[PDB]
Amino acid sequence: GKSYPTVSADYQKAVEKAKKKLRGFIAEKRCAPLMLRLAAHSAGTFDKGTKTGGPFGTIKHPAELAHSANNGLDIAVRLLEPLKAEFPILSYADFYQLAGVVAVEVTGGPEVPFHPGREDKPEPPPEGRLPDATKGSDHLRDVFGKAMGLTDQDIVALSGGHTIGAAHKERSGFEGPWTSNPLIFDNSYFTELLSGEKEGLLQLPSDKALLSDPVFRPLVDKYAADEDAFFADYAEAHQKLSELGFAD
Ligand code: HEM
Ligand code: NA
């Protein structure tokens, strides 16, 4: 359902160069998971009914960073500012989504297609739209389905983004990595979810909700058994998430 806008050759050249610089920077700084959180969590404010929120660079705004759910994302925004300044032609909206795509690539994940042209929007969406880690499957469908317009398959695949990174007690309050290899993008998130509660690893109530839902569970099983199938579905879901409200 997407009709991507035309951008100039100079814009495209900046995208290509920024992608390379983001690879080096994100790998060096060890911040891929934080960048993926920035891209993905920020895209998740989209409401399809009203066509408000979404991946339009408003997460840069102090007012949106101040939302308690976004604790720590100010670090991500600050880390990217020097690099962003080398590419003044790019929108912040595109830059942040490109950083998320690169985060997945540099950690060994699939190549998520990227299309430029998002325009930086003036108004942050209201607080309260983000997925709540303490809630369950009904809630996930409310946020990803009813608001964002994504599928049940997308919900499970995207939950797999937690295959990289960790929670922090000073940010959300939850603490620790979901996987034993939190800088490696693989299907371990699902393997760990299936194996039970291993000491030292994190499972949010929202992760656990996937195991007991009739639709989500077969997907967890599929991804734990078949990393290729996970990578395919993940790349599709991440692209859709990164493009909510954009190009239709
Ligand atoms: C499914 C609903 C989701 C919930 C309930 C959720 C919740 C959370 C929470 C509570 C944290 C910990 C923040 C902290 O304390 O530092 C977190 C981190 C993270 N999230 Fe999500 N999230 C969701 C969806 C996503 C999606 C769709 C992606 C990307 C595809 C994603 C990527 C990440 C990553 C990579 C981190 C680690 C950040 C770091 O290492 O600093 N999350 N998420
Ligand atoms: Na991992």
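One-based numbering along the sequence shown. Side chains are part of it too, since the values below use all heavy atoms of this structure and drop only hydrogens, waters and symmetry mates.
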Do [X] and [Y] belong to the same hydrophobic cluster, where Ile, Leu, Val, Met, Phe, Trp and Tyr are linked whenever their side-chain heavy atoms lie under 4.5 Å apart, directly or via other members?
X: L210; Y: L204; result: yes
X: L130; Y: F56; result: no
X: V220; Y: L202; result: yes

- Between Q97 and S242, do the side chains contain an N or O donor and an N or O acceptor separated by less than 3.5 Å? no
- Query: Looking only at side chains, do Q239 and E243 share a donor and an acceptor under 3.5 Å apart?
  - Reply: yes
- So, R217 and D221, do they make that salt bridge, N to O below 4.0 Å? yes
- Tell me, please, which residues at least two apart from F185 pass ring-ring contact (aromatic ring centres under 6.0 Å, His included). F230, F231, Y234
- Message: Please enumerate all residues that pass ring-ring contact (aromatic ring centres under 6.0 Å, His included) together with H115, with sequence neighbours excluded.
- Response: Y4
- With sequence neighbours left out, write down each residue that passes salt bridge (charged side-chain N to carboxylate O under 4.0 Å, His left out) with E105, or none if nothing qualifies. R23
- Query: Taking only residues at least two apart or on different chains, which pairs with a member in residues 24-39 satisfy side chain to side chain donor-acceptor pair (under 3.5 Å)?
  - Reply: none
- Query: Are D186 and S188 close enough, and set up right, to give a side-chain hydrogen bond (donor to acceptor under 3.5 Å, both in side chains), and what steps lead you there?
  - Reply: CA-CA 6 Å; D186 68 357; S188 289; 2.8 Å; yes
- Under the salt bridge (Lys or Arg N to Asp or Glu O under 4.0 Å) rule, what pairs show up with a residue in residues 109-137, not counting sequence neighbours? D94-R118
- Item | Summary of salt bridge (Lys or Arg N to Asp or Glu O under 4.0 Å) pairs that have at least one residue in residues 189-214, sequence neighbours excluded | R141-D213
- Heavy atoms of other groups near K17 NZ, more than 12 under 6.0 Å: yes
- NZ of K2: more than 12 outside heavy atoms within 6.0 angstrom? yes
- Message: Would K84 and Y92 count as a cation-pi pair here, with the cationic atom under 6.0 angstrom from the ring centre and within 45° of the axis?
- Response: yes
